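These notes concern the structure reproduced below.
2 protein chains.
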Amino acid sequence: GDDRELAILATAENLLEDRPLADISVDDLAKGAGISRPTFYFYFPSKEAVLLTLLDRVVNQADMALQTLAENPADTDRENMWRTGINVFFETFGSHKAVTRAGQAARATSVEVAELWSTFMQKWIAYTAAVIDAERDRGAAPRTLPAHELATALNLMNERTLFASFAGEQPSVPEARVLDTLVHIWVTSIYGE
Amino acid sequence: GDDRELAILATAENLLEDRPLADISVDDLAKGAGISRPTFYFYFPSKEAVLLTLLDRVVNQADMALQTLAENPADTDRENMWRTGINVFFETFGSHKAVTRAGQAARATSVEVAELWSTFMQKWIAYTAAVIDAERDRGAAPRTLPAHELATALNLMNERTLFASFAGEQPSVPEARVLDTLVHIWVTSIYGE
Ligand SMILES: CC1CCN(C(=O)N[C@H](C)c2ccccc2)CC1
Ligand SMILES: CC1CCN(C(=O)N[C@H](C)c2ccccc2)CC1
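Heads up: the sequence lines are chains A and A', in that order. A prime marks a further copy of an entry chain. Positions 22 to 214 (the deposited numbering) are the ones given, in order, by the first sequence. Positions 22 to 214 (the deposited numbering) are the ones given, in order, by the second sequence.
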């Protein structure tokens with residue numbers, strides 16, 4: 022039951038490491054999961070729906086990890102606070118590069134993948150903005166740009182820059198330098214006047 | 022000759038304002054350009070090739086505008102220098118939103134659109150890095166991050182943030198606030214310690 026479903030998900034994630042969704046068949050997913058094609062269709066309406074679930078799981082893992090941080094402050098300076106938080110996204114999505122890559126491409130063709138991504142981006146921006154506001158309220162950050170607009174650009178930066186590094190795009194920041202690059206831009210743009 | 026070619030390009034740009042490339046036919050482009058379908062195929066091998074040329078023209082217009090700036094320094098402070106340069110991209114791509122939107126989507130499916138975009142990104146990053154280096158050499162900017170890695174992230178930020186604003190994505194920075202948002206992040210990240 023949940024075991025066949027999990028096997029289909031594992032197969033799909035494994036197969037997306039070697040080729041795109043377009044080059045993967047339902048027969049490929051069924052075969053890999055040790056089930057027939059009609060049995061597959063009992064668990065999922067389409068290969069597209071398999072990706073959506075994989076992405077949903079990755080996105081929620083990141084979100085849950087950020088919630089955990091938000092509830093248990095690490096005892097460090099402000100630079101390290103931002104780094105720790107950006108690192109949740111670096112590690113979570115960096116641990117699922119094929120799902121990241123396929124899921125970002127699916128945004129063009131799938132309304133549900135677009136809305137999933139859009140919902141969580143709004144959440145992570147809102148949280149970023151709340152932290153900047155608290156930093157301004159405590160007098161640690163200067164009142165420069167509208168917090169929510171600053172939050173939006175920094176989050177979009179992270180999205181495009183992390184994804185380019187993971188995919189090895191040209192151009193991209195090397196994966197071993199991307200965390201420090203983002204953290205510097207967040208800290209200088211948040212604290213700087 | 023060049024007139025039929027230009028008419029096909031104009032038709033394609035006009036039609037991309039109302040619908041995507043997938044929903045536009047060669048018969049649509051021929052009709053709009055006042056030519057037959059075989060005559061179309063004399064000028065362009067595909068509707069895809071029409072987009073590639075449109076994007077090529079937009080990209081080169083931006084590039085040429087930046088070259089002009091680079092050769093004639095505006096007499097202002099450093100904030101205004103960056104703003105003027107970011108503004109070339111804001112205005113050029115902002116004046117061709119349908120071509121921008123279609124061309125960015127084509128990156129997934131077209132190797133030539135991917136390589137066009139990649140070539141000019143490398144150029145604009147290299148130029149950004151050269152300016153930061155000169156700023157460091159004159160002692161106006163501190164030696165923080167590797168210039169080229171800083172240049173890469175700021176350019177990727179601009180790409181994703183400008184495009185989200187133009188497309189009205191959720192989330193996005195409002196188009197009337199996006200220039201000031203980017204300029205603040207560039208200036209604080211380039212000059213800040
Ligand atoms: C406290 C903040 C830390 C930094 N954040 C962050 O990088 N979000 C962006 C949008 C992202 C999300 C998933 C994958 C790649 C990038 C948000 C939350
Ligand atoms: C001096 C620099 C100014 C800012 N630049 C810039 O925004 N480039 C990015 C990559 C971009 C290009 C086209 C469309 C949207 C964004 C580069 C050059």
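Quick reminder that beta carbons are idealized off the backbone N, C-alpha and C, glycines included.
Asked: Where the alpha helix (DSSP H) through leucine 137 (chain A') begins and ends; Found: 132-158
Asked: Cβ neighbour criterion (16 or more within 10 Å) applied to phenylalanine 63 (chain A); Found: exposed
Asked: Proximity of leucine 72 (chain A) and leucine 42 (chain A) at Cβ, strictly below 7 Å; Found: yes
Asked: Below-7 Å beta-carbon distance, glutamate 170 (chain A') vs any chain A residue; Found: yes
Asked: Closest Cα partner of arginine 128 (chain A) within the set A':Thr173, A':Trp145 and A':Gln191; Found: A':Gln191
Asked: Any non-hydrogen atom of ligand 1 within 6 Å of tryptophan 145 (chain A) CB; Found: yes
Asked: Nearest-angstrom Cα separation, counted from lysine 118 (chain A') out to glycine 213 (chain A'); Found: 33 Å
Asked: Classification of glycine 124 (chain A') by the beta-carbon crowding that lies within 10 angstroms, buried from 16 upward; Found: buried
Asked: The alpha helix (DSSP H) enclosing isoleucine 206 (chain A), as first and last residue numbers; Found: 196-212
Asked: Where the region 106-126 of chain A meets chain A': residues whose CB sits under 8 Å from a CB there; Found: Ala126
Asked: Of the residues A':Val208, A':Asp39, A':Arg40 and A':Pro59, the one placed nearest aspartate 48 (chain A'), counting alpha carbons only; Found: A':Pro59
Asked: Contacts of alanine 174 (chain A') in chain A (Cβ-Cβ under 7 Å); Found: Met178, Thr182, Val194, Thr202, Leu203 and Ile206
Asked: Stretch pair the region 142-155 of chain A + the region 163-170 of chain A: three plus CB contacts closer than 8 Å; Found: yes
Asked: Sequence-distant residues of the same chain with beta carbon closer than 6 Å to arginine 157 (chain A), five excluded per side; Found: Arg164
Asked: Reduced DSSP category for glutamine 191 (chain A) - H, G, I as helix; E, B as strand; rest coil; Found: coil
Asked: Residue from A':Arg104, A':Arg159, A':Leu36 and A':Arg181 whose Cα sits closest to the Cα of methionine 142 (chain A'); Found: A':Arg181
Asked: Closer than 6 Å: residue 238 (chain A) CB and nearest ligand 1 heavy atom; Found: Residue numbering for chain A in the displayed model covers 22 to 214; residue 238 (chain A) lies beyond these limits and cannot be assessed.
Asked: Chain-order list of residues whose beta-carbon lies under 8 Å from that of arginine 78 (chain A') (same chain, five-residue window excluded); Found: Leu30
Asked: Rounded Cβ spacing between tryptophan 207 (chain A') and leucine 175 (chain A') (contact assumed at less than 8 Å); Found: 6 Å
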